[PDB]
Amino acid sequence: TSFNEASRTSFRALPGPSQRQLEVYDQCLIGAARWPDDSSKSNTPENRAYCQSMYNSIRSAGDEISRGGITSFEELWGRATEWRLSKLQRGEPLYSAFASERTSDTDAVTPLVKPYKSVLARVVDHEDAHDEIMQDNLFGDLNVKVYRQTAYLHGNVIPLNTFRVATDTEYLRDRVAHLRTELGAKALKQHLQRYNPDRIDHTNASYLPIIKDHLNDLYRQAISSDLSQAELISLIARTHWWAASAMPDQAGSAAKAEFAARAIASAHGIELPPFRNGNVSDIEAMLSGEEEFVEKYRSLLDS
């Protein structure tokens, strides 16, 4: 019904970011990772500045969306990515990872070491955790609690993230002492970047093309001008879930997914509050099925 000449695309105008804004205290928590075992990083002035910048840029992106200036999820992710890159320090060796999509000839692993240790209990006490045994060229056989996150896409049920937590605590202490003595602390740390017994094995990058296409489909639904509030919050939660669980980039995906979900909300005049202390949104996504995440999304938010 309207036409954006700069993006050369027809769109239905949305209200855009709300005039009533979050309090500054909340602005400075947008995008924070408020771990339950340690929320202290989120109190520093550096982190507060990072978060308030995210908030301001989320609102600017919401304005672009409301005017037809961002026309696909991939473009919104690009905005989030360039914003995230701007916060890296001069010289950052991870700059390329923050700037780059993951590729298939790579596996991606998050060892569940600091700051992720609160996740170990969440896996062990998970309703959907299964007991399994994993074979391992350095540790041998290990009892693990495993959560296998899955997704429904066009009737294909695909594996997303797999959490493994090894439960033989004393045997592990023992076997790591052996490994450290035989290999050195840094070299073993290098091996465990991929094979730490406690870890998340991330969504295979081969799924990223179809997930990226699905995110574009969700975005097209989400910029509709005639959605109910429940429909809209459901679409925002689904977009967040898919983008965070896909983990499309070598670094920074959690920040980019939260940026994008909040920008979609802001385009509709919704000013979403911070995630509650203790709720790290990408981790909550990866630890749930999609419909479960949609049904609890509001409760993850601080009101």
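From 1 onward, residues are counted along the sequence shown.
For the segment pair 104-112 and 214-222, the entry gives 104-112 the higher mean B-factor, averaged over Cα atoms. The stretch with the higher mean CA B factor, choosing between 33-41 and 266-274, is 33-41. Across the options 140, 159, 155, 78, the residue with the most elevated CA B-factor in the record is 140. In this entry, the residue among 125, 201, 132, 74 with the greatest C-alpha B factor is 125.
Ranked by C-alpha B-factor against the other modelled residues of its chain, residue 195 falls in the highest third. In this PDB entry, residue 46 carries a Cα temperature factor that places it within the highest third of its chain's modelled residues. Sort the modelled residues of the chain by CA B factor and residue 208 lands in the lowest third.
In the PDB entry, a CA B factor belonging to the middle third of its chain's modelled residues is recorded for residue 178. In the deposited entry, the Cα temperature factor of residue 172 places it in the highest third of its chain's modelled residues.
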